[PDB]
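Methodologically, a virtual Cβ is constructed for each residue, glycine included, from the backbone with ideal geometry; neighbour enumeration extends over all protein chains shown. The numbers here are math on the coordinates, done by the rules we state, and not lab data.
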Amino acid sequence: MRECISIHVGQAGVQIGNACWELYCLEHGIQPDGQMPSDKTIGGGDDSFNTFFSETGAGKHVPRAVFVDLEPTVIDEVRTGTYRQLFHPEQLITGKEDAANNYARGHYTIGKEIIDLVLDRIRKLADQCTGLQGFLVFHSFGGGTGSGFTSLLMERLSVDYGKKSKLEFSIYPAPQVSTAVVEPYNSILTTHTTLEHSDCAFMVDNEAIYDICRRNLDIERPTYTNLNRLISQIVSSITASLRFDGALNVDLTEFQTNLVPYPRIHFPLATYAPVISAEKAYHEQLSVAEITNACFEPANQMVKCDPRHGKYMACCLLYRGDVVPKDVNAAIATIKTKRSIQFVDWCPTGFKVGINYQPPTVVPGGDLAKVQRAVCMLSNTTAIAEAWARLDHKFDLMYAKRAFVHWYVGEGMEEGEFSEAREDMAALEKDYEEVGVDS
Amino acid sequence: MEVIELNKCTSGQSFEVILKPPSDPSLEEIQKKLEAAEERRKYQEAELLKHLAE
Amino acid sequence: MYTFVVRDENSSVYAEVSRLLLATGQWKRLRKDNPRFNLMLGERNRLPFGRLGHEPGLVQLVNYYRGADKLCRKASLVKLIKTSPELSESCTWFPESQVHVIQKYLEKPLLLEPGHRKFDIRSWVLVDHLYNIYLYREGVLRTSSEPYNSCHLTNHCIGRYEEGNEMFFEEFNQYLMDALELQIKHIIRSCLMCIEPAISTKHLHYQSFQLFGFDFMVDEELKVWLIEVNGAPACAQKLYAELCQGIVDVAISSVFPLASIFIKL
Amino acid sequence: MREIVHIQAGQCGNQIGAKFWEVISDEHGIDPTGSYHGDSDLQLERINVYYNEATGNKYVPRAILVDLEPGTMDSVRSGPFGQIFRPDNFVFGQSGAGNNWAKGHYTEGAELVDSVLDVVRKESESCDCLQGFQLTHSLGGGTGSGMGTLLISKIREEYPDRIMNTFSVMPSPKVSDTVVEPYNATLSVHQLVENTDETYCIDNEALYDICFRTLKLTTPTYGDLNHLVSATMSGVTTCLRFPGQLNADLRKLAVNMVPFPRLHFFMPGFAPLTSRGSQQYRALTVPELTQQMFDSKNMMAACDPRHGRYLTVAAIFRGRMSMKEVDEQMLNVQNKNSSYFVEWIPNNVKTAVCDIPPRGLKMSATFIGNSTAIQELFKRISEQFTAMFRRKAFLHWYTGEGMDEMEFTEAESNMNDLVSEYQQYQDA
Ligand SMILES: CC[C@H](/C=C(/C)[C@@H]1C[C@@H](OC)C[C@H](O)C(C)(C)[C@@]2(O)O[C@@H](C[C@@H](OC)[C@H](O)C(=O)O1)C[C@@H](OC)[C@H]2O)CO
Ligand SMILES: Nc1nc2c(ncn2[C@@H]2O[C@H](COP(=O)(O)OP(=O)(O)OP(=O)(O)O)[C@@H](O)[C@H]2O)c(=O)[nH]1
Ligand SMILES: Nc1ncnc2c1ncn2[C@@H]1O[C@H](COP(=O)(O)OP(=O)(O)CP(=O)(O)O)[C@@H](O)[C@H]1O
Ligand SMILES: Nc1nc2c(ncn2[C@@H]2O[C@H](COP(=O)(O)OP(=O)(O)O)[C@@H](O)[C@H]2O)c(=O)[nH]1
Ligand SMILES: [Ca+2]
Ligand SMILES: [Mg+2]
Ligand SMILES: [Mg+2]
């Protein structure tokens, strides 16, 4: 058994973290007090769920998780809420004042003052590990902390833990729920500095999640709570292979080997189905062929983009519930003749499939109906570059006038970093174009 | 439609279906950048305080 | 009030289209960089398809189908005609085939008299957001003013009866009636329906329509040979007013309502 | 980022200041004796931003009251909420400032300023994490204008990494006390452009027109004018005082509102516009709140937003309403009038919604605009400044306090540069 440490940075990172861990607890039969009746081994074990949870003598199952934020209010909710007992205080780390939606402020100014404490708290968890695989890092692109402190933390993790793999779960900014005009800046700045430190990054566009909650859950005006419960289902389905017995994506490294041939192009597109409203009194239970076809609908993707006008490098289908290999193969075969699926010529045209018999767990009183089968597709396609194009453009518009730049320079960041970062993104966009486009 | 590497356990199964074959900065560097930014802040504040003293 | 942007100043077709919309009175034209539009009359090269359909509170449309360049690029056209299962089969209407395409030359064509002159057929085809295929009832026969020298080419860079070297369909019927209404419709829908799954904006966040110029060459036995498709065609004079108004009628207004002359393939 | 220190200076500054505390004490359920009596915990969640906790569940405004004469502050001390303020936080001289910027800034004010800083320092030192400062004052008199800006300069010197925020009343001939108001205002703006992060431009010219035309008051008083001011001040501080996501502290607000350091002068607005003792029976709809808050006739800076473009906008909705409707209406305004929002700052309009409505209203909305049209206010002041300065009229009142002509010339040129700088983005 090899351990995984989760790290949640800033409000978005922390709130998603809470949703995930609540779900992990329900999936593994763990109560908010940390007690787990199902676990016959007391105070120890090397089961698959021990990759995410450690154990004490009292039979308490503690998340291998660290929560970090530059102001106390979001993590205070963890310290006082339902799962207050779950975490020990030293995991829950807060500063006094936030990064004010300013990358430079979270990376340079405040980051320098708290980075060593955070790393030493992480070392505390790491020294409890017999074979640490690495880290799962949750954060926003748009926030001062999510962007600024995360990129600093990633850099120092590559130093303190050079061998370990690092995976990201990143929230991409959407104006419908965004809180800052400078979010495109923070997104490009953090992506530039983090690129070489992240092995595989799962990008989630708030716009996509928002619209999925509107159209499929019948939620008029989605809150973060609505978004995060959906997000934590997708995260759970991605990490399930590390937490349960199986043979696909069983270690962090395998995510890179299966999904990421080119180190820079490490942003797999996630697509999930079905998302069914808990309010419906008559659920038409979807079949394997149906939920698998849904994986090729832009409407179900974590980032809205068009995979038809890009090339696939890899594809993984992760099923939960009543699903047999025969029905997946029948589904894949039908879909191949009705969908535009073009792989790069230096890669096999195929799918790695994983099935977990337990149907998705839902939160009681949540917006999600329980279903008999669900699937999350992970496909490294060049089409996700559309999200970079959109981001880069907004950056270009503001930067041309140097709007808001003084806020960053005033924190001690040099103006050159802006252009160094935009260049990296220009190259990144060029890399996708070489891979995905033919003329 | 060739199915490769079927693995089954009590929790589930996994396999691969192939449709068609193919055709970092050191600690010191980080401290250096952080300190350079700190010094620029220091310089900027110093210039402000100089202005105010005038 | 609807809003739109123009990102290709040089389009003669869409200059009139823009001209027509403003005249409606219910359309306001915006700066090229204003994202808050309903309609995009896009640039020919590197159109930012990735930036459409991400504006809350706005139904967006563009005058180009992403990926239709497979039809409209000669080198791309050859591979697609050769490699695709449904298009490669039945393909008796395609001549055997910087970067270049050398393709089998039609030894002898149909020849109009007097003159012993050559000519080609350009038809206009509009595809809307619903992926309906709309041929234009008027086609243009571009002619060479000089006798076939077995002149070889009719491109305006390269007029006793033909005014501007343009014979306008009706006269052609009479010549066919004097000297001598199918293969063209089969060719248009064969190419476009082939590429349907790859370009359709049926359930996308934004939508498309596009004007295509299908160039044809007819032969001795009155068999029609297709030479390429034009992604950014221009209309013939006197046909501009009619055609452009139809574009507004069926590709824009149909999505953006205010307050026929196309044959549906 | 919790505590804010509030300062109020001079006659106008103390009178609008007093009303501000009166209004927000009521919203937070604080009685005139400083004890809580509300029915919602939403009232106490972020109360430490403006109030210190004393002994016996007593809440005391983190407020400092400054003036160069005792009159207005004796009146405040006698007012409805007079006894809520901390006695030691009253700092005052006896001589007055004679509507003279130089006396407030250089002579009279300089004698009193250390003692104010002593009280400021004491408040700041017991702050868990000081956000920064909020100053209320007028630009047209001598104490609020001259000593107010002196204080700002001194505060920036001790607290250089804190946010400085002002509610600044701009003088107008329609509501004038003395002819020297343009001199005092021009000298002040000079200070404000360099030393504040955010200034709410509250124009007595606009406040008057709203009272006269919109509210149909034949004879507006300072009381009527201050009624509008305190409602606006409650609205623009709503995001600081109640739980929320957007612009929840002073620095995040500045990062969202100010793309260039010097351009931090805001045009505020409020809806529905109401007179004192107004009937207020029909609640406004979301589309009504929205159309009214964006309407030029509703702005409190006496500038026409239609002549310019918005760099940035913050909107705050209050009351129980549909967030779906609010999002729709805000998108509607921007999409139907996109030309008025600079395209080189994408998504530059941010919306907040607080459940708790202000007193007397089921629903309201507060507007905060950074519009290039604000240049019109400074151009107006510049014109009046110049009509007098060309003849050196009334200058003797200032040279007698030790000032030189060249400081006026410098102040005038810096305000003209400001107008130029707003103009350059009006067409870009
Ligand atoms: C959008 C920013 C904004 C600029 C414009 C032009 C905006 C647009 C719209 O508001 C959003 C107008 C609005 O939709 C209405 C027609 C309902 C209405 O409110 O318009 C005004 C007159 C209009 O200017 C003509 C107004 O003063 C104004 O400012 O309008 C009379 C008013 O009588 C009740 C009513 O008829 C400046 O902040
Ligand atoms: N999906 C989701 N997005 C969130 C959540 N909270 C914040 N965001 C998004 O995160 C982006 C940046 O906000 P934050 O994460 O709150 O900022 P931060 O990391 O705390 O940084 P600072 O507060 O500036 O120090 C915005 O685009 C928000 O829309 C959340 O709970 N769920
Ligand atoms: N197989 C063939 N048989 C007879 N004539 C041919 C031929 N191939 C080309 N030609 C002649 O040369 C012309 C070349 O025009 P072509 O369509 O190749 O370029 P073009 O000038 O029309 C650029 P565009 O893509 O904008 O239409 C043909 O229309 C025809 O007149
Ligand atoms: N809105 C408003 N403006 C005021 C009030 N009192 C004075 N003014 C304006 O303030 C300016 C005079 O400054 P004032 O505050 O009286 O002088 P000070 O005591 O030296 O600061 C003039 O422009 C007046 O129009 C008030 O109560 N409300
Ligand atoms: Ca165990
Ligand atoms: Mg935060
Ligand atoms: Mg007075």
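Remarks
- Sequence-distant residues sharing a close amide H with residue D:365 (under 5 Å, placed H): D:271, D:318
- Segment A:1-268, dipole about Cα centre (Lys/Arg Cβ +1, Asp/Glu Cβ -1), debye to the nearest 20: 140
- Modelled spin-label separation between residue D:427 and residue B:9, with each label point placed 7 Å from Cα along the Cα-to-Cβ direction: 7.1 nm.
- The calculated FRET efficiency for residue C:111 paired with residue B:51, based on their beta-carbon distance and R0 = 60 Å, is about 0.10.
- Near-label residues of segment A:408-429 by backbone N, under 19 Å of a point 7 Å along Cα→Cβ of residue B:39: A:409-417
- Rg over Rh for the protein assembly as shown works out to 1.03, using Cα positions for both radii and the Kirkwood form for Rh.
- GluC sites (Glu not before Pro) restricted to DSSP loop in segment A:270-369 with at most 11 other C-beta within 10 Å: A:279, A:284
- Relative to the Cα centre, the charge distribution of segment D:270-329, modelled as +1 at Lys and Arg Cβ and -1 at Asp and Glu Cβ, gives a dipole magnitude of about 200 debye.
- For segment A:355-360, 3J(HN,Hα) per residue [Karplus equation, 6.51 cos²θ - 1.76 cosθ + 1.60, θ = phi - 60°, Hz, x = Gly/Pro]: 10, 10, 4, 5, x, x
- Max-minus-min Cα coordinates of chain B on each principal axis give 81, 37, 23 Å, with the largest extent listed first.
- Ordered by the count of other Cβ atoms within 10 Å of each Cβ, fewest first, C:19, C:7 give C:19, C:7.
- Residues residue C:89 and residue C:153, FRET efficiency given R0 of 41 Å [Cβ-Cβ distance, rounded to 0.05]: 0.85
- Whole-angstrom gap from segment D:386-428 to segment D:139-195, using each part's C-alpha centre: 14
- Look at D:101, C:93 and count the other Cβ atoms within 10 Å of each Cβ; fewest to most, that gives C:93, D:101.
- Available extension along the chain between residue A:117 and residue A:58 is 18.4 nm, counting 0.36 nm per residue and deducting the alpha carbon span.
- Along the axis of the charge dipole computed for segment D:202-341 (Cβ charges of +1 for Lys and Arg, -1 for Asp and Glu, origin at the Cα centre), the listed residues D:273, D:228, D:244 are led at the positive end by D:244.
- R0 of 41 Å, Cβ-Cβ distance residue C:32-residue C:202: FRET efficiency to nearest 0.05: 0.90
- When Rg and Dmax are taken over the Cα atoms of segment D:1-141, they come to 15.3, 49 Å.
- Each of D:221, D:366 was scored by other Cβ atoms within 10 Å of its Cβ. Arranged with the fewest first, they read D:221, D:366.
- Cβ-placed point charges (K, R +1; D, E -1), dipole of the protein assembly as shown about Cα centre in debye, nearest 20: 2220
- Inter-label distance, residue A:124 to residue C:96: 7.9 nm, where each label sits 7 Å from its Cα along the C-beta direction.
- The H on the amide N of residue C:230, modeled in the peptide plane, is under 5 Å from the matching H of C:213, C:214, C:215, each at least 5 residues off or on a different chain.
- Cα→Cβ-extended label distance, 7 Å offset, between residue D:356 and residue C:15, nm: 6.3
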